[PDB]
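Structure 1 and structure 2 below are the same protein chain in two forms, each given by itself as structure tokens.
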Structure 1
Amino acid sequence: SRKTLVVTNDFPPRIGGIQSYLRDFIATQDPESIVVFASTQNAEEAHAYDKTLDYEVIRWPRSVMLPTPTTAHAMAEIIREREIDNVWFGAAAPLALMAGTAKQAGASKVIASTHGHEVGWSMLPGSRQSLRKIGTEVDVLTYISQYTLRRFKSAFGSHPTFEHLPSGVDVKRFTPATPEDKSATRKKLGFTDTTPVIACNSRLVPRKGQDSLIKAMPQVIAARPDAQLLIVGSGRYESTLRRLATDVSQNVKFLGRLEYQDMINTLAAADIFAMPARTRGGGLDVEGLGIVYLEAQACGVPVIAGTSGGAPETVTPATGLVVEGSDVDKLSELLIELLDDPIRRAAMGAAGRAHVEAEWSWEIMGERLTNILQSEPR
């Protein structure tokens, strides 16, 4: 059994995408084979959280962990003292620059995780050479999607192996609603069993395409006058969305950021999950993990996904439809068609559930990580 040190600037109790990603992947592993070396944003909250866990977390008493000589030496000391076999950098850039030190300290395998923003036109000076350095010293680079892999090109060079490691989804928490619960959820929203419901769970930013959905609504309600769009989440773009929703305000609900279970109940009672993510910000504002699509499929709800980044990779033609987010006419058409086709929706939702069970659960994804951490070095 190989022992892994996870070196990361991103770790709970701080909330975020990489925090959730690492927290959940670590949880799939044998706790005796895991040590975490993490930065500390709040020392009292960090300590309280670490007490709940069954594996060691060593806190670096800095808000930000940086690849300095003293951080390198501190890491090296942990590698020697805890007899570490693997060093897994939670984010490749910049911390995986300490990979050389990790190996000198006794680690026989270095893994580094990418998240999709390492390569782009806003890259800082020195960054391309850093990615090369990281590449030569890292044995396994994990990547979240085929899209990101393509975007890297040969930035990391010829040494590392690339392993696909997207997020899993908790298929026990996200689960299809019973008819009774679905009816009760709808009643609490002020709807009935026949109300056409489109749900969108996501941060309220232009990228997620809540604006596209709102703009499609006039056409959708012309076909289905009682159709309801549920916008679940919070973010800077809220006031724009509300402005955009003015002339369809009776058919669009802003539910705010909902409590976890309430959000699941709402998602599971919907007819369609729709998030037509589009790529913006000169190509730099792109969809990464697409977790909301996985959650929807786990709840047995048909999905409308955008063409942005790795979003299409989370669905199959059997579970969802991919749409160009900026094509509002095509979006409303797709929405109307699916709302008029309950038989297909039931089949798409059923296929959605089967798809996440077979390829997206934390049990399935956990196996991939176990292989990376427990295999002999190349």
Structure 2
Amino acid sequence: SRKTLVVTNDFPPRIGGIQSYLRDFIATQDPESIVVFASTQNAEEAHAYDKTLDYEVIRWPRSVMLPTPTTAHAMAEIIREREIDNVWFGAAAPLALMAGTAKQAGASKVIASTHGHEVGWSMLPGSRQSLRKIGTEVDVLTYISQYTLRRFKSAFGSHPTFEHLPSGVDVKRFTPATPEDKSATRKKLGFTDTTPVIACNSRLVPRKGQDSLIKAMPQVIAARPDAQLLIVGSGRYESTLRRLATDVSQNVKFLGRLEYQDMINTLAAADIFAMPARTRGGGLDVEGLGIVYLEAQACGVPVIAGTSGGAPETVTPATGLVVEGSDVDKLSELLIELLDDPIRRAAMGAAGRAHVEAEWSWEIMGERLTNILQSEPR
């Protein structure tokens, strides 16, 4: 059994996307075969958190872990002391620039994980050269979607083998609602069993397409007068969204940022989950994957996804629909059509749940990581 050291600046108790990614991936592995080397933002909160774990965390007593000689030295010592076989950089740029030292220290395999940022790194000349240096020193480069791969593949070069490793979804916590729970949730919101409910859970920023949803509502409301768009989340774009929703205000609910379990109950009680993501920022503001799509399918709820980035990759023709956010006529048509067909909706949600259980759970994704970390080097 090969032993892995994960080297990261992004680790709990701090809250974030990479933090969740690593935490949930590490928990899929045998805890005796895992050591973490992480920076420390608050010493007493880090110690309190590390004591809840069944695997070792070694804290680097700096607020940010940077690719420096002292950090590489410390990483090297751990590699030899703990007899490390795999070195895993939880985020490729810039920390995986220490991959050379990992090989010098005696590690037989170096893995680096990309997420969203390396797409932006693909554009600048010097930034692109750092991606090349990482690529020459890393044996396995993981990516969240076929879209992100296409964007940065040539920057990294052909030395590493490229492996698909997106986040999974907890299929025991994101689970279809009982008729009891769903009915009670709706009453909590001031709705009934018959209220048409569209849910959008996401940060309130232009690219998520809550603006597109709001502009599609007049037609939906005309067709289904009691239809409700639930906007779950917070963000800078809220005030613009509230202004867009002025004339449809009776049918749009800004629920703000909900507690974790309330967010799951609200989602599971919805008829449709919609988030018509578009690409903005000159091609830089993109949906890398879209975990919310996987969470909706896990709750057995039909999905409307956008054309942005890796968003289409989350759904099948059986489980969800892919739409252009700016196409308001089509988005409205799709929502009304889906709201008027409860048989199709029941079929799409069932297929969505089966889809995540077959391809997107932490059990499935954990098996993929096991394969990467436990296979002999080529």
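Shifts are known only where both forms have a C-alpha. Rigid core: the largest C-alpha set superposing within 1.5 Å between the two forms. Counting starts at 1 with the first residue of structure 1 and goes up one by one along its sequence.
Core-based superposition between structures 1 and 2 leaves all of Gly126, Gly282, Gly190, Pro225 but one with CA shifts under 2 Å; the exception is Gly126. Comparison between structures 1 and 2 places the CA of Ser332 0.9 angstrom away from its other position, after core fitting.
Core-aligned Cα shift between structures 1 and 2 at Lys153: this is 3.5 Å. Core-superposed difference between structures 1 and 2: one segment of three or more residues with every CA shifted 2 Å or more, namely 119 to 126.
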